[PDB]
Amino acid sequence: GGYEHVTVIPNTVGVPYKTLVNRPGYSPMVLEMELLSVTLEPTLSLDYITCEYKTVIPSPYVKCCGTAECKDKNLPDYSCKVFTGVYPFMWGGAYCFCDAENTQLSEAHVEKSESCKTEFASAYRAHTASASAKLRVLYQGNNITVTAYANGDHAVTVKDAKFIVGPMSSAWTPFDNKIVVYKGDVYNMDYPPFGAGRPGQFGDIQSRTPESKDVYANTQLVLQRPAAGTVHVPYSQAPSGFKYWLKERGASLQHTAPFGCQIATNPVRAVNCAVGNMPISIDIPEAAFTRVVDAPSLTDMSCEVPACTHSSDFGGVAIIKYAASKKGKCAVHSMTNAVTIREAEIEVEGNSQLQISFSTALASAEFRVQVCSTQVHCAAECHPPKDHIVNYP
């Protein structure tokens, strides 16, 4: 028979938050919580892969003293043309015995290049992402790591404390319905469907899977008449759409996405998107709590602030004097929301003093500090910092 503590923290990674657990008839408990990572992994469905194409051109069939015939071959971008009145030459003279009536059959088709296994872009259909969170909790003087789906259903138990993370206040994702993945880079792209690729553009060659034998090709391959007395297969074709996309893609989602999203691959995911808030439910077990009577009683409390600087970090120092009934551990917490204390728990003993670190934005900070079950008023004159800009949240 434990106690359920419910709180809400902003969805911001690298910011430690202090939460006061107050179970009636039990000594207050301070828990430090920090989001280590927030992962948004969408479900992917591979439509096709694209890469550099290869124009397969065999040796042309030069039929000496005869007419060659083109046949319809079921190959991607298959092109065939028979050229009449040819008289090709090799180093030792004319290849054909006849002066006239010689034909050259030029043939070509498109297939995946040898590079397609190494250099390729994948077209995915991205739908309904599952939100996951890694949370660091300073629990019983030790740091515990909780990894749970931020759906408000996935219960994760660490050291008998049951954690329920979420649901996320924002269902926002930096990924659109259709995405393109190239190595470690992800792009939001309304890519052409399979069998709709255009010449010289992304998808000029389309392969459903990287192992696929048959491919779609639309490269505008047109065979030309060979040069006088020359054996070769001249042609006109739109350059590689994949090579063109590689230089025209622009900046990836890692650089363009709002809310400071970090984009990773294998699997494709959005990491640390600073959007909305995250509710946290902690079912703290019975054994973790200490009764008020079993906890030290504090009296004759006084607070002095010898040094303070109002900044994003703990620029304030406070010395709190006390009279404790017995030796033991006391939770330290700020009763004013404008001031936050670095220390969550300190050891007390009789007529002694404690030193705490605090953070505030106020020039004149008047705050109350609750050490165990007794409150003390702190008066602080905080000074401005050296820099207007900082490199931490």
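So that there is no doubt, residue numbering starts at 1 and follows the sequence shown.
- Remark: stretch with higher mean C-alpha B factor among 231-239 and 304-312 is 304-312.
- Averaged over their C-alpha atoms, the temperature factors of 289-297 and 113-121 are higher for 289-297.
- Of the candidates 256, 266, 188, 170, the one whose C-alpha carries the top B factor in the deposited record is 266.
- For the set 78, 202, 97, 216, the PDB entry assigns the largest Cα B-factor to 97.
- Looking at the C-alpha B-factors along this chain, the one for residue 41 belongs to the middle third.
- For residue 149, the recorded CA temperature factor ranks within the middle third of the chain's modelled residues.
- For residue 58, the recorded CA B-factor ranks within the lowest third of the chain. Only modelled residues enter the ranking.
- Per-chain ranking of the deposited C-alpha B factor places residue 29 in the middle third.
- Among the modelled residues of its chain, residue 250 has a C-alpha B-factor that falls in the lowest third according to the deposited record.
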